[PDB]
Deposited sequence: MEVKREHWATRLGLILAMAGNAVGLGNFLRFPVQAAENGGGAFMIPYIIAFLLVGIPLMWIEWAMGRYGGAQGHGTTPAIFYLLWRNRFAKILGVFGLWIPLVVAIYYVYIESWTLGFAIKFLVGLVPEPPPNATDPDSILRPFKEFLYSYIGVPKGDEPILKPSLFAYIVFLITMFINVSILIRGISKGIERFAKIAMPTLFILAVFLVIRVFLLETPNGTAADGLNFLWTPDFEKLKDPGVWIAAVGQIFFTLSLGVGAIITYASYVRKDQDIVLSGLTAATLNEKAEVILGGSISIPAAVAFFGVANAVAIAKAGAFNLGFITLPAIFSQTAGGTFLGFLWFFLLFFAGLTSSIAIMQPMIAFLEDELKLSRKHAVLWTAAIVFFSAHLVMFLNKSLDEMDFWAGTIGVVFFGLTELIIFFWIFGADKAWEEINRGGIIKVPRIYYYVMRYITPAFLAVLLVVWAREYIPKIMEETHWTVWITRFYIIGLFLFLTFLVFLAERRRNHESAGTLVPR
């Protein structure tokens, strides 16, 4: 079986998986919509009681399975619990990263697309007023994506947006087809430093920003001013736990597969803890010091609220681009911005596709070349539903990316720490550990963490699913139909995998 060459590589790869567009976009927005500085209370609490606990578990499971030639949950779940229902539940852990990938690479292709357009200075040029500046860029984005102009839920991406998507896929293939060490690990060692560098620069530059409407200091101030009255709101503790789950890429299956290439006795406690720490610093320190400070510096705190409610997407692809077109060398700044995000996405998309690759290699005995190519094929084809059908992206992101990950996280906890055996799991976690997990996490993982994930799934599902299932256009069934098919497909492959094992 393949393995990570170095300890630095492993950590950087794992960290690259967790660091994404969310670090520089979603976090700042959430933190602002949930009490600024006060949001650090439920955020930190969730990181210690959910993020870290679950993270180690996925490392543990991943490594556990890797020692037996299995890097995916259909087999790993079976190993932790020899029951056919464990194989079916394991399929769900392979379905999620596949579906997510189907829409994520495309999203990533956007950043590469914009980075290019900005680099070469092919962008809108206002003109005065905010609406006047924003509209040109709002339309710049809409033209790229192909936002519907009619009542038909049809998207029509630009030829350029399509071609860039092909290139993005090609870049992912190039890295993946070289394997774990010479491909993923190798690229991580370059991407992370480049990422960190680009972030730092952007941080410095933003702090210099001064307009009649305000400064970067105003933005940071607003963002970090604690509103201790919002902590009462349960919806805040839900946004916090959700933000941690998101930023750590938990329940997505990526971590398990990466961890399956960790040697039988190679530490996962310190390695995992460090990987997480890296992501956190990139999120709060860097991510919180760019987008929002910039938006507030340019539009004044008078719109800090509105802009925050406008969403992370608008913030990263519309508002900031517009801000850049009004600052000195802003166009080359936009480049660095989207360049930053592209590497943020890339280090995740390669991780989000490895699971499907690992399955083909481990269970169907496909060469790495064939596995990667077929995986690229499946995702590339499937992506066309996301590119051309409006709101398909949202549907996949919901069931798989959102619902799926929280449900699966709870499943992991229970199978590992309850079915498999708490003590067995605990030793399975601490074994080979450079450092040992504080004896207190035993109870956290066994009761506290599952309890949390349950409340999150439940309290949140009550005020979520009803909408999607009722207040949506009928075309959502196209997407639901397709992704359900993918689940069937994967269930079939698993069937074929277990039949092959019996034959040999």
Go through the deposited sequence from residue 1 and tell me which stretches lack C-alpha coordinates, in order.
1-4, 132-134, 512-519
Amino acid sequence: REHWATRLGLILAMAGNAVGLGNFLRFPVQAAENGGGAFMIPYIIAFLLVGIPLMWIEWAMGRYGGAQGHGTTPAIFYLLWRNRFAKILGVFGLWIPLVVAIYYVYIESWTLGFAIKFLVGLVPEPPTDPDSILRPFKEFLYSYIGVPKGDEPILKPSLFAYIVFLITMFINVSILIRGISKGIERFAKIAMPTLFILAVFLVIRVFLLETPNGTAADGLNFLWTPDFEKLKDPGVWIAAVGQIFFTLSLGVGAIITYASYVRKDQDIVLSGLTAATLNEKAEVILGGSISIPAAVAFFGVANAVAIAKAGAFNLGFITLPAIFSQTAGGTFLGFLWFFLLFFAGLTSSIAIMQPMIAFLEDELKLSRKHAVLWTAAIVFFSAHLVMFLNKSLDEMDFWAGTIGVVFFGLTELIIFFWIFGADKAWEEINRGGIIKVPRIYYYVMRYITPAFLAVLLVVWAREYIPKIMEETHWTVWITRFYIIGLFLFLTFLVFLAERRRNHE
From here on, numbers count along this sequence of modelled residues.
Out of 344-352 and 305-313, which one has CA B-factors that are higher on average in the deposited record?
305-313
Could you check which stretch, 463-471 or 34-42, carries the larger mean CA temperature factor in the entry?
463-471
By the CA temperature factor listed in this entry, which of these ranks top: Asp394, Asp362, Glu108, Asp129?
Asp129
According to the Cα B-factor stored in this entry, which of the following is highest: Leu373, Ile102, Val164, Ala216?
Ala216
Would you mind ranking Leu134 by its C-alpha B-factor against the rest of the chain and naming the third, lowest, middle or highest?
highest
Ranking every modelled residue in this chain by its Cα temperature factor as given in the entry, which third contains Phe118?
middle
Which third of the chain does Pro450 land in by C-alpha B-factor: lowest, middle or highest?
highest
Comparing against every modelled residue in the chain, figure out the third that the C-alpha B-factor of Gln266 lands in (lowest, middle or highest).
middle
Among the modelled residues of its chain, does the C-alpha B-factor of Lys369 lie in the lowest, middle or highest third?
lowest
